[PDB]
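K.L.:
Residue numbers (the authors' numbering): 1 to 46.
The beta carbon of each residue, even a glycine, is placed where N, CA and C say it ideally should be.
This is the structure I want to talk about, given as structure tokens.
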């Protein structure tokens, strides 16, 4: 994938199809990701 932006367009509307599945998934995993993200930055015992 050095530069191929032809195929992306093929599957551009299919990405719409894809969201419809994971409609109810957005707000379930993120606070779980907000624990390791803690290690990276700060906030949590200096």
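Using the C-alpha atoms, what's the distance from residue 24 back to residue 18?
P.N.:
Rounded to the nearest angstrom, the two C-alpha atoms are 12 Å apart.
K.L.:
Taking DSSP as the reference, what is the three-state secondary structure of residue 39?
P.N.:
Three-state DSSP puts residue 39 in a helix.
K.L.:
Whole angstroms are fine: how far does the CA of residue 12 sit from the CA of residue 44?
P.N.:
About 41 Å.
K.L.:
Assign residue 16 to one of three DSSP states: helix, strand, or coil.
P.N.:
Three-state DSSP puts residue 16 in a helix.
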